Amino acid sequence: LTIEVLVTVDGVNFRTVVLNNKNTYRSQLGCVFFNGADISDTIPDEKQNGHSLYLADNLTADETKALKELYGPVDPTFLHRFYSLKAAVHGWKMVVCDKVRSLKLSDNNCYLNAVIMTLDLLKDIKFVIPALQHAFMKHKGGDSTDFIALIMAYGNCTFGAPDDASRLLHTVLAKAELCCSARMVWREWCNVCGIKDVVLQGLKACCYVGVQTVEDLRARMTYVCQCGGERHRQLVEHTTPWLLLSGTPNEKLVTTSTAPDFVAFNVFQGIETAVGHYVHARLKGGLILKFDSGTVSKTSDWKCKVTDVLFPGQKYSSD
């Protein structure tokens, strides 16, 4: 005959739809997920009678704003991509390597291993979006499927394809906030326009794309001013619990004997004009722990192309 189903986006608000057993879910309603599986192209039967379904296509007006409440300001394709990506990465595994968790290699997800393992070191961050923060807490508890899929959905990552660990890592952190104070003050001046200080606080004072050493971050910068002259900018105060600097792959010789100041970094292997490979590295006990997608190996010395570099807390004041 006909079944009644509960349609939800939030799990606490439901809409009743009655369907026939003559057409598929996709033609009668849209794309639906039942217990994490896609059943849009199946015919409704009594097994789903009286059960809740997670709808992705053709959201109603109220379900759309409930969606913006749960996931933030997302586009209409977002919910379908997240639901599909989540069941696609069902087979993926977090493997314990030397007391920490690393993403086993599967379907070109090595960039995700670099992103997640870097995020796992930032133990002072929180997400403002409720669905993202929930998946983050589930990840830290041992179930990472939700977090992985949401990260890929917010990042516009296509399944099974390589991508950019730096871009995704900083895109994710743009949605986060710091649980302590942090602050960086820039001084900008132009001989015609004058001088002015710019202040950033919170987690935005802890990430920067464009340099890969603290010395380069602290150097003077010069660029065209709105008046046409040359404007300068220089870091003048910096207090943070950590510092994440990212740039293009840059070959360096990482060495324990000199005892470097950074605590972790990411490496791109290969040439940048082609599909390469990511490794996540950490400094512990006078060695470099190299986390390569569920495997770990250790070296005192490593010539490698660095992308992201994680430094400890900053305490700086100049001029």
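When you see a residue number, it is the position in the sequence shown, counting from 1.
Two stretches are in play, 221-229 and 165-173, and the higher mean C-alpha B-factor belongs to 221-229.
In this entry, the residue among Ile151, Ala114, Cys207, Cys97 with the greatest C-alpha B factor is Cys97.
Sorting the modelled residues of the chain by their CA temperature factor places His90 in the highest third. When all modelled residues of the chain are sorted by CA temperature factor, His280 is found within the lowest third. Looking at the C-alpha B-factors along this chain, the one for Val185 belongs to the middle third.
Looking at the C-alpha B-factors along this chain, the one for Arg81 belongs to the lowest third. Among the modelled residues of its chain, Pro241 has a C-alpha B-factor that falls in the middle third according to the deposited record.
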